């Protein structure tokens, strides 16, 4: 009632305060999901998150707050597969338990992207990845797992076929196994690049001039580059690797720094 | 499902308070 009025007011106020398009999108989505649900508990959650976004001035914390509220509202609105609820719960538990902001943002972003897809194949891969992260006490390994899960989930929401997600699942499992055995962060970032290249149905060449590997990626539509960049840049930040990304016409070059 | 949804909402509220 009064919460419904305030939710719509706050979402508009948040859109005036912050110029970043993602906050504006998440604020609008929170209002929409809060209305689509008839749960008071979802309404108090959306209200609390939007209000904190207005009280705070740090865009980064506000982004994370809205990501949590939209995730929870998306899986609590109506009746969703049990796997979506379990994905959201385990991501929210990983975020609440960690002090590293990279784990909070990796968990929320991987879980919200999975919550947007309807493929049961994609949900079980993301859930199995979050189960492994929860079993570990190694925050370094958790960041590797979340980087893989977010890359995979982005392929799913970018429309990758079930067949390409089955191949991407194999790389998710390969990356986690390699990280558990002590593979370098550079090796793990290369695996994310390979995942995105195969998942988007394009091609790559790998060149190792000296100490630093260079991947040349061909065949991406320009508006598909953003998906690969988000997956690779995010994975590189999560695993502590610098990458240099250069663009030509249809060609993307990524240097993995060592 | 109802029990999981309540736990998701409860954990999300705790996280938002922590982030704030």
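Residue numbers (the deposited numbering), protein chains in the order written: chain A, 0 to 257; chain B, 4 to 23.
Beta carbons: idealized from backbone N, C-alpha and C, even for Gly.
List, in order along the chain, the chain B residues whose C-beta lies closer than 9 Å to that of residue 60 of chain A?
Here residue 60 of chain A refers to the residue found at position 61 of the first chain. Per Cβ cutoff of 9 Å: 22, 23.
By Cβ distance, which residues of its chain are closer than 8 Å to residue 194 of chain A, with the 5 residues on each side in sequence left out?
Sequence index remark: in the first chain, residue 194 of chain A carries index 195 (1-based). Same-chain partners within the cutoff: 147, 150, 151, 154, 167, 170, 171, 174, 230.
Buried or exposed: where does residue 225 of chain A fall if 16 or more other Cβ atoms within 10 Å of its Cβ makes it buried?
For this step, residue 225 of chain A is matched to residue 226 along the first chain. Residue 225 of chain A is exposed by the Cβ-count criterion.
For the segment 62-77 of chain A, which residues have a beta carbon sitting closer than 8 Å to at least one beta carbon of chain B?
63, 64, 67, 68, 70, 71, 74, 75
Determine the closest residue to residue 129 of chain A out of A/104, A/103, A/90, A/206, with distance taken between C-alpha atoms.
As a position in the first chain, residue 129 of chain A is number 130, starting the count at 1. Answer by Cα proximity: A/90.
Distance CB(residue 238 of chain A)-CB(residue 196 of chain A) smaller than 8 Å:
Taking the first chain and counting its residues from 1, one reaches residue 238 of chain A at position 239. Taking the first chain and counting its residues from 1, one reaches residue 196 of chain A at position 197. No; because the gap between Cβ atoms is not below 8 Å, this pair is not in contact.
Here's the rule I'm using: 16 or more other beta-carbon atoms within 10 Å means buried, otherwise exposed. How should residue 85 of chain A be labelled?
Position 86 of the first chain, counted from the first residue, corresponds to residue 85 of chain A. Under this definition residue 85 of chain A is a buried residue.
Which of the three DSSP states, helix, strand or coil, is assigned to residue 14 of chain B?
The residue labelled residue 14 of chain B in the question sits at position 11 within the second chain. Three-state DSSP puts residue 14 of chain B in a helix.
With DSSP run on the structure shown, which of helix, strand or coil describes residue 204 of chain A?
Sequence index remark: in the first chain, residue 204 of chain A carries index 205 (1-based). In the structure shown, residue 204 of chain A sits in a strand (DSSP, three-state: E or B).
Does residue 18 of chain A come within less than 8 Å of chain B when only Cβ atoms are used?
Locating residue 18 of chain A in the first chain gives position 19, counting from the first residue. So, not an interface residue.
Is it a yes or a no for the segment 22-36 of chain A touching the segment 62-78 of chain A, going by three-plus beta-carbon pairs under 8 Å?
yes
Tell me whether residue 184 of chain A is buried or exposed, calling it buried when 16 or more other Cβ atoms sit within 10 Å of its Cβ.
Here residue 184 of chain A refers to the residue found at position 185 of the first chain. Classification for residue 184 of chain A: buried.
Does the segment 155-164 of chain A touch the segment 101-118 of chain A, meaning 3 or more C-beta pairs lie closer than 8 Å?
yes
Any alpha helix (DSSP H) of 4 or more consecutive residues that is wholly inside the segment 91-160 of chain A
100-115, 119-134, 138-156
Would you call the segment 46-60 of chain A and the segment 6-14 of chain A touching, i.e. three or more CB-CB distances under 8 Å?
yes
Residue 22 of chain A and residue 56 of chain A - do their beta-carbons sit closer together than 8 Å?
Here residue 56 of chain A is taken as the residue at index 57 of the first chain, counted from 1. Here residue 22 of chain A is taken as the residue at index 23 of the first chain, counted from 1. For residue 56 of chain A and residue 22 of chain A, no; Cβs fall outside 8 Å.
Over the uninterrupted alpha helix (DSSP H) stretch that includes residue 79 of chain A, give me the two end residues.
To locate residue 79 of chain A, count along the first chain from 1; it is residue 80. Note, residue 79 of chain A: premise wrong, no alpha helix (DSSP H); not H, not E.
Is the beta carbon of residue 141 of chain A closer than 8 Å to that of residue 192 of chain A?
On the first chain, position 193 is the one that residue 192 of chain A refers to. On the first chain, position 142 is the one that residue 141 of chain A refers to. No; because the gap between Cβ atoms is not below 8 Å, this pair is not in contact.
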